[PDB]
Amino acid sequence: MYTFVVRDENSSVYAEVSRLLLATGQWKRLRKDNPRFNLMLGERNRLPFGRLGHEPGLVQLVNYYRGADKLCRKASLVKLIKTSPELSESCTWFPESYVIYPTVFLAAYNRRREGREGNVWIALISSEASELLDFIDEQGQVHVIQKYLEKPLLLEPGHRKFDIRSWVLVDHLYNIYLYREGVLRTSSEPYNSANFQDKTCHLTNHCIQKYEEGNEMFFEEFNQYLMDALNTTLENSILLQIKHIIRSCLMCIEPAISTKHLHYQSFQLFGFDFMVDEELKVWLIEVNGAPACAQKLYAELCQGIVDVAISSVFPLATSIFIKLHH
Amino acid sequence: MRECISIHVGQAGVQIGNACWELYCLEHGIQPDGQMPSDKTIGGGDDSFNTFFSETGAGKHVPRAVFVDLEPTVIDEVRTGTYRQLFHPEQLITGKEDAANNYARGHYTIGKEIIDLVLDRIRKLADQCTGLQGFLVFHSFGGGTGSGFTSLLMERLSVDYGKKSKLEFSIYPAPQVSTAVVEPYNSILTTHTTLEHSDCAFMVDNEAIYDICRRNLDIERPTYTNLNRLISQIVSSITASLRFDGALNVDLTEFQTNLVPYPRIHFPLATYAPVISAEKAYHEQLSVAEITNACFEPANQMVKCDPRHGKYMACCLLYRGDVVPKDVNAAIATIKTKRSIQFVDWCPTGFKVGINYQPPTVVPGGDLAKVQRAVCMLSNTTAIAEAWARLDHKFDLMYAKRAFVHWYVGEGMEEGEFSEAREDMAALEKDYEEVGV
Amino acid sequence: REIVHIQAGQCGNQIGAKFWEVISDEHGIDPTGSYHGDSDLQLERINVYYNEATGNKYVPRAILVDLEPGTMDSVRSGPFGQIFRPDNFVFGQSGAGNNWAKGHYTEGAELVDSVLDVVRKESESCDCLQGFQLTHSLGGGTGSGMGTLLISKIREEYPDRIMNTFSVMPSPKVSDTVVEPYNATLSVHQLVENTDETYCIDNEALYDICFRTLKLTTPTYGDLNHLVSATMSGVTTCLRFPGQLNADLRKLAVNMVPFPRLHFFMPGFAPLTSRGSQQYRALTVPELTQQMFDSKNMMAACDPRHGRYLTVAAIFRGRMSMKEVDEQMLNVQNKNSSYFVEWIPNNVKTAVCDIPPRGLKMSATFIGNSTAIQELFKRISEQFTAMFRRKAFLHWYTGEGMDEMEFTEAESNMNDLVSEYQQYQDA
Amino acid sequence: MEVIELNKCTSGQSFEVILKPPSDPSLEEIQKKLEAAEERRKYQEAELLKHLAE
Ligand SMILES: Nc1nc2c(ncn2[C@@H]2O[C@H](COP(=O)(O)OP(=O)(O)OP(=O)(O)O)[C@@H](O)[C@H]2O)c(=O)[nH]1
Ligand SMILES: Nc1ncnc2c1ncn2[C@@H]1O[C@H](COP(=O)(O)OP(=O)(O)CP(=O)(O)O)[C@@H](O)[C@H]1O
Ligand SMILES: Cc1ccc(-c2[nH]nc3c2[C@@H](c2ccccc2)N(c2ccc(O)cc2)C3=O)cc1
Ligand SMILES: Nc1nc2c(ncn2[C@@H]2O[C@H](COP(=O)(O)OP(=O)(O)O)[C@@H](O)[C@H]2O)c(=O)[nH]1
Ligand SMILES: [Ca+2]
Ligand SMILES: [Mg+2]
Ligand SMILES: [Mg+2]
């Protein structure tokens, strides 16, 4: 009978994982402050990685990778992509970005005055540099500014923007498992590049949207649309590139966060956020380190966390993931 | 030449000191009676082994050591053990009644009755020193004597030898071989009262030594004897530069200069490789590159923690054996790329290297196999603060209910010394955290 | 590190005598005091309990006290009765009539100074006296009333030595008189103030163990005292033999007692054996661990699942794997960790000693500081107030000069002790 | 990767490799504290003896 503690009550994904564990009859949940746990479903901030793996007689496992924030912070992801030789200054899949503080960005925006090319960026969106730079100083904290993708792929009927959330699970062995169910999070508003301050058709976040149910189109429909409208498949036109981006990011930070020879072990669920332009090119927007899941897919994905990340380490009495081979 | 005096305090300190002096004698060719056929300067010398051994007109080489325990059991084994010849009876100081795992009993009640005698014996060795460098103090954090008497001794040594360096070798408490439920209390109390009196302290977590013995020596349930022979190897790597010809870490002052830029943050992580079982018949001998790479594996550290998530302020490599500079720089070259090694901005990214050609000496019949090359890495990384966090958490758990506090108050300590010592620890963790982010 | 042993009244001298029989056999000392053993672990710590006499004989550091001569002539006739130093039989003639007031204030006070004279002559031959252990019951008059008088006076003369007791609690299942709850409540009031460590030996549990587990339909004090001497041997193993620990009474108090008044220990033993009949399959380390934590192996009739463990000591005896003992001990904690208070980290400590007790290859002794012990004091408190609310049987005590007030104080101290245990079981 | 301060001798050699440049209380106070602690023990103990005398 394995043991686990819960330290993030606000977690929909692990609210499910703990209910699944208890219902196998072979897991018992302890009080959050009891140190004799096998598994820590930990808190998001200041998780005590330094108190793990010092329990004699306890294999210990936690659902976060120490150091993985360097991927899941707008400003940290920029610094990691610009300074790691594995991810050249030119990734070809990351949008141009700079970390401006509020108390070399201008060198590039001026370049766009040469050809009067697109010059929309984001934090929030604007067209002149001053409009935005005054906004990062009005907020007070570090913002990151980034080239807005002025020609996104638009779903018809609707002429609508969208982003793709992929859920990636990385187990204690550093296997990279990409959940096969993605979600498109679409804008019900027809896209138009004239009024940015009306950011209902630009910001494609589910909340910001307070054709398809829940402004969410799963991979079944989207692959069918690509076949009918563009004569290609989701795998060929977009998913190859997504698997390449996931593998590249996670292979980059692997020496810094791997728990292979460590006295405790980590896995973590990531949500990768992508953006497909009109030439069927895939771009990486952000990496979310504590992602939520779509309602239809909570059952399948939380069960698969148990199978792959937890029961893999603590066994009990065809698959939903693609292994990204590195 | 400049002499060093070793002081061993309590059970852990005395037993580790015995392991070390046994090892020193094998490494310098001094037999259990203290005769050293190699010393042709009879009854004298300013050789660098005279840093640790004085000589009699009869040519006996006597450790510059004082052993002190508040009870007689342990030092009595020295007094009748195989190296009973080595020490002068005046060097072995014993009480009748020990500290009972109670910091305040060792520091206040019992400590107050023996501190003048011990400092009088310490003064007798200092008077045989032409230019004394300072002290190496061995002790547990956990014992009542180790924690409480050592912190009283460290205060007085500052008073009496204001100009002398003091180094610590400190055994950090592990539940797998622990003696007392209150060791977190004693650990914090002795750290708080000792911090400003110690220039450099090497913490050995018994948990880490224990797991190296199980993994790499294949010992099912390590004994103190297994732990101490491995610990004494590490101590020997660290002190070899004081006892041998060389140009790195030649006096105690150089340890501070090389490993401690900020004075409170004086706890370097030690990492040792290779640890090879002596029953392992076929052992492929490890290369310079392999043993150096192993210096960045947490499984080989004296304290388990993750240096990838801290920053370095300094780093020394200490090799014993068939090692030449070129292999070390080649090994360092390819490890710089493959590893997360972040130094603080106000420190150069670099390594001080020391090579001693005599390969490691191993106790005959012990557990460590002889090897052709070994390395001890000393790195001042903020990740060692993980150990402070663990201890302080355990202290907070007990002290919030004031569990066991009456044992300390009943020895004349005030409850407030607890929260004072804890607040100092709180500032210590905050210092590490500023430097390391 | 000499211990001075005192045994007082009928129960105290009966379990006292069994203790010295059992450990004497373990240290290889015969009934005439001569050592006839094989190992040297037997003699390394022999001085904790034995003084050495000319002729190289070993004489228990034991003072035998009673207000009646009856039981003590029984000891002197018993098998090992000749090993005791005869000057150390200190006894009166009146008895105490199962009356705490007689033992503590009238009869006992007449005799206590000559007991303290023997205690003093024993202490003055000690290199480093740890302190004292007293065997006694709380239900009669001598061990109860005079036993706690001795403790109060020993603490006045030796305020900085450890005071340790084995205290047999009364039970209606093995009951001599109706006034046992009065004597026990008055005694617990003294124990709470003046001892560092008391092993609560519940005649209720010894009876239930004899009846249910050992299948003895009519337990006697002989059947009970077999269980008591096996426990007493087990809990003192660390004092009498060498370990990785250099174990003594103060280190035990430091690690077992987080708050001064909560020093009442639940002892347990495994395997539970009836006297005479031996069984030939040694237990396995998994079995020892499970039984010694089983409520059925506890010598205080308290359910450990109704409280929490503040601290635990476990002492394994015999040839066994220390790896497997560490594994099984870590297994029982991590599996039932809710019954261990989380605010005392690592509150379970385990020792192994090579020499098993007589007639077993494997045994395990358990010492628990559990908040469940409040069940024992509640029980005695309910029996006390049932009579006391009608002042029943008080005249036996007011006739010796006692006031009702002193009963109200003792009851109220014992109820505070109960509330203090409930404080930390919820913490 | 810069190597510096190479010192050689018959026992071994030492040196330094740069991969990148940068970017007390008195005896009498002790004596008070200890003697204060011993007085607090004596107070506590005299209180016990006063109580036992009662
Ligand atoms: N590595 C190692 N650690 C030891 C050794 N002996 C004791 N320890 C550690 O020291 C801690 C307790 O401190 P001790 O040094 O044994 O106690 P002490 O110094 O004699 O002080 P007292 O309380 O008076 O006995 C234990 O938790 C052990 O882990 C040893 O020989 N080697
Ligand atoms: N370079 C770019 N070009 C075009 N559109 C972009 C863009 N960068 C972001 N967007 C769009 O605008 C939105 C801005 O929201 P942002 O990316 O800051 O939210 P988020 O992804 O942090 C929310 P959550 O954490 O809930 O996923 C993105 O979600 C995406 O739809
Ligand atoms: C949670 C806990 C419990 C005890 C200790 C500790 N520390 N030192 C000593 C103890 C006990 C003891 C307990 C079990 C195993 C070995 C020692 N003990 C002892 C003394 C006399 C005895 O008759 C029996 C036991 C010591 O001497 C530390 C933590
Ligand atoms: N376990 C056990 N309990 C006893 C024994 N003798 C007496 N008792 C208990 O002690 C109580 C009587 O007190 P007792 O010690 O005999 O009176 P005393 O002579 O004044 O000390 C009774 O409640 C019994 O249960 C014995 O041999 N073994
Ligand atoms: Ca010389
Ligand atoms: Mg000791
Ligand atoms: Mg009777």
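All chain C residue numbers match Swiss-Prot; in order, they span 2-428.
Structure method, as recorded: X-ray crystallography, 2.5 Å.
Every residue, even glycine, has its Cβ placed from backbone N, Cα and C.
Counting every protein chain shown, the Cβ of C:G142 (GTP binding site) has 30 other Cβ atoms within 10 Å. Annotation comment: Swiss-Prot describes C:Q11, C:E69, C:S138, C:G142, C:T143, C:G144, C:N204, C:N226 as GTP binding site.
Applying an 8 A CB threshold to same-chain residues 6+ apart, the list for C:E69 (GTP binding site) reads C:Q11, C:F92, C:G93, C:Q94, C:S95, C:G96, C:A97, C:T143. Here Swiss-Prot flags C:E69 as Mg(2+) binding site.
If you look up Swiss-Prot, you'll see C:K58 (among others) marked as ubiquitin cross-link. Taking a C-beta cut-off of under 8 angstroms and a sequence separation of 6 or more, C:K58 (ubiquitin cross-link) has the following same-chain neighbours: C:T33, C:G34, C:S35. According to its DSSP assignment, C:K58 (ubiquitin cross-link) is in a strand.
The ubiquitin cross-link annotation in Swiss-Prot covers C:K324 (among others). For C:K324 (ubiquitin cross-link), no same-chain residue 6+ apart in sequence has a C-beta under 8 angstroms from its C-beta.
Look at Swiss-Prot and you will find C:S40 (among others) tagged as phosphoserine. Within 10 Å of the Cβ of C:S40 (phosphoserine) there are 12 other Cβ atoms, across all protein chains. Annotation note: C:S40 (phosphoserine) sits in a coil segment as assigned by DSSP.
If you draw a 10 Å sphere around the CB of C:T55 (phosphothreonine), it holds 5 other CB atoms from the protein chains shown. Swiss-Prot lists C:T55 (among others) with the feature phosphothreonine, giving similarity to another entry as the kind of evidence.
Per Swiss-Prot, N6-acetyllysine is recorded for C:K58.
Under the heading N6-succinyllysine, Swiss-Prot lists C:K58.
Residues or ranges marked as phosphoserine in Swiss-Prot (evidence: similarity to another entry): C:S172 (among others). Around C:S172 (phosphoserine), the same-chain residues six or more apart in sequence whose CB sits under 8 Å from its CB are C:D203, C:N204, C:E205, C:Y208, C:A302, listed in sequence order.
Residues or ranges marked as phosphothreonine by Swiss-Prot: C:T285 (among others). The Cβ of C:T285 (phosphothreonine) lies under 8 Å from the Cβ of C:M363, each on the same chain and at least six residues away in sequence.
Annotation source Swiss-Prot lists phosphothreonine at C:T290 (among others). Note: C:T290 (phosphothreonine) has non-local neighbours C:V326, C:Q329, C:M330, C:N332, C:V333, C:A365, i.e. same-chain residues 6+ apart with C-beta under 8 A of its own C-beta.
Cβ contacts within 10 Å of C:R318 (omega-N-methylarginine), excluding its own Cβ and spanning all protein chains shown: 24. Summarising the annotation, Swiss-Prot assigns omega-N-methylarginine to C:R318 and lists similarity to another entry as the type of evidence.
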Inquiry  = Fewest other C-beta atoms within 10 angstroms of its own C-beta: which of the binding-site residues C:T143, C:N204, C:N226 fits that?
reply    = C:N226
Request  = Using a 10 Å cut-off, grab the number of neighbouring Cβ atoms around the Cβ of C:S138 (GTP binding site), all chains included.
outcome  = 29
Request  = Fill in the CA-CA distance, C:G142 (GTP binding site) to C:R318 (omega-N-methylarginine), as an integer in Å.
outcome  = 36
Task = Can you tell me how spread out the GTP site is, meaning the largest CA to CA distance among C:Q11, C:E69, C:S138, C:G142, C:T143, C:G144, C:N204, C:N226, in Å?
result = 23
Message = Spatially, and counting Cα to Cα, which of the binding-site residues is closest to C:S40 (phosphoserine)? Options: C:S138, C:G144, C:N226.
response = C:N226
Message = Tell me the Cα distance separating C:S138 (GTP binding site) from C:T55 (phosphothreonine), rounded to the nearest angstrom.
response = 35
Inquiry  = For C:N204 (GTP binding site), which of the three DSSP-derived states applies: helix, strand, or coil?
reply    = helix
Inquiry  = Any of the recorded positions C:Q11, C:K58, C:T143, C:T285 with a C-beta atom under 6 A from ligand 7? Give them in order, or none.
reply    = C:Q11
C:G142 (GTP binding site) - helix vs strand vs coil (DSSP) = coil
Task = Work through the binding-site residues one by one (C:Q11, C:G144) and point out the residue whose CB has the fewest other CB atoms within 10 angstroms.
result = C:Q11
Message = Of the binding-site residues C:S138, C:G144, C:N226, which one has its Cα closest to the Cα of C:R318 (omega-N-methylarginine)?
response = C:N226
Query = What does DSSP say about C:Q11 (GTP binding site): helix, strand or coil?
reply = helix
Request  = Just the recorded positions from C:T55, C:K58, C:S138, C:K324 whose C-beta lies under 6 Å from any atom of ligand 4, please, or none if there are none.
outcome  = C:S138
